[PDB]
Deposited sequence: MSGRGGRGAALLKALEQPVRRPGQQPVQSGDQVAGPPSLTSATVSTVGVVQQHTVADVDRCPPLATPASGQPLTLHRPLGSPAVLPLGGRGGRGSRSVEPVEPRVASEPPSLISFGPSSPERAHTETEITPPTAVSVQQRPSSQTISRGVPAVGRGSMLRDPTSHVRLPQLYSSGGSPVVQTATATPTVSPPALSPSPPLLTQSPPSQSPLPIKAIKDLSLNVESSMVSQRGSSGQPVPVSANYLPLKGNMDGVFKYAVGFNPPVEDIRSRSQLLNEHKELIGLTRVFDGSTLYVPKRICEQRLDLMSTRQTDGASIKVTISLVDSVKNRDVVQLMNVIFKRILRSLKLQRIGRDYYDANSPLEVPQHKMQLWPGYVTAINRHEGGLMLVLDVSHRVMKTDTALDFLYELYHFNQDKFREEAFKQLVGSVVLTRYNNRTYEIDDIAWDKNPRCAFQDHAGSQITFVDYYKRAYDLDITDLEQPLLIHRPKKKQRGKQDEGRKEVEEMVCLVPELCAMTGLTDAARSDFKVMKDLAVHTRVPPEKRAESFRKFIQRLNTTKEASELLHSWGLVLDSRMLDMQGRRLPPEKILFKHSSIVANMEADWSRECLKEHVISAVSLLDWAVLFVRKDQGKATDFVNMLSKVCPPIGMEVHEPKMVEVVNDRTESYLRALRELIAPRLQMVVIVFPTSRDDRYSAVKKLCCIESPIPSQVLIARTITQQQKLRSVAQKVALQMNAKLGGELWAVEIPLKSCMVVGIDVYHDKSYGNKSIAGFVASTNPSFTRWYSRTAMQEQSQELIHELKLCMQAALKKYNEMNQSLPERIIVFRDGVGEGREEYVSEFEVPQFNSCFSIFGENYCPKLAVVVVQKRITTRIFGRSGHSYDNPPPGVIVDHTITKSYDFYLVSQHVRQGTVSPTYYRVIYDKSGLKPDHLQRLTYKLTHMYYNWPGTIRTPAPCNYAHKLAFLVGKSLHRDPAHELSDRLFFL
């Protein structure tokens, strides 16, 4: 629990405005219309256009007055007067520019989305990487009123810049530098400093340098160093920095950008309880700092003062009478000792496996499963076990596409890295034994269910490439009231809006299988912490906590079933199904809590539907 409210002016914060006339040179030509506004009203103010927020409730429509600029001294339009009323999308923004004034006062910085304090950061130069001790201050409307979220985010901004990165790339070689940049630097992304932007790399200019001119906003051929010296007040040191692109030219100079522990991970990065010290420190720092608090009292910002189923028989486990494994010649020990270990794990979980027909492929490539699999696979074969050390997507899907698309047939794929572990070997075999038996169509462990006719179908959309727009990630389902029949399928359609209709085909493919074996018709991530409305303990909510009113954002349920040992608990957020079908939210909390145990790859608790320790010193 590291979340702190900020009270003060809950409502009624109206806004003045700032005129922007005329823009001449650059973005600074418009931004300077308030850079020299200290002579009119005072320092404590924020400018973002036609909105200049005020704590009080005055502003209605519009007005105008006069001001002055600095660089050239032309006519300046400024209107610190009536604008509009309070809107739901304004309070978050104006309190966050208040936090911007805080960074101008508390000496915080900003990276991308959230503001960080890095005046005395965690300088860890082992890999030219500096973990910023700032907090993710994503202030927004929250439980009840307004609340400031604070997680101590070790934001990984590099002290080194693209200048030295390209210089060490040159230090490797020059032609090899060019080649590797065309291989390892293209596609990669640099982090900008002057405007904290995110610019990609596709190609690197060669003849260009930080002296060649370009058609700037002024329409002249000015030098490169002059533009950055007069537009952002940043001086360029060297003149031999080749440009990058995001040939058409998108502003990118390696001079002023940057691109991309073990024992520190248990001291001051993410302890479950000891992270409350930062929750107990920054709250005091805001108040006790006279210089920082003085500029916040003017605005009106006052912060708050404060399973063992490996031994019990399984419901209905399908045995393996005749089957084969598709191991390569390099995995003779693997997928056979594992099967031999599977011959020991299976009897406790109520099934037996005979030694498979040890078929094999001819080479460690795709053009081995095309022939060897088809030659020695018949409807008399139950299980196919495919293992390989290297794991590439095309070859794995090459073996897969001959098993799932044509017809529903179980197929188990393993990798070397899954099996190399010896202490996990008994454990990994248990998951696979449950995985194979789930794919065999056999029942597995269940829970005490005070429920029935429930769906466990976990949709997953794989939308990565427009050319490969297939949405193939899996359509895991459950076709028995005990939720022990997990026969995964895949989507076989492609459409943007009519996806509501064609996704039902997989639902029908899962519901028809439900009717064919039962003869009866039956948004998962946040950065929040939950302090449930049952007991005030600012700690991990009990698994299955019921909070849906005045202790969360909206009527959507926000549940906890994901048990934590290292790090602070991050509750999972959930949408609603229906509030009129008669489903009590408490049972849906239980249903999510019970379905949490039903993922058939880990005997315990998981995040989503798809104990009395750490009291004394833990690492001391």
Missing C-alpha runs, given along the deposited sequence, first residue counted as 1: 1-241, 488-504, 519-530, 577-606, 823-868, 957-977
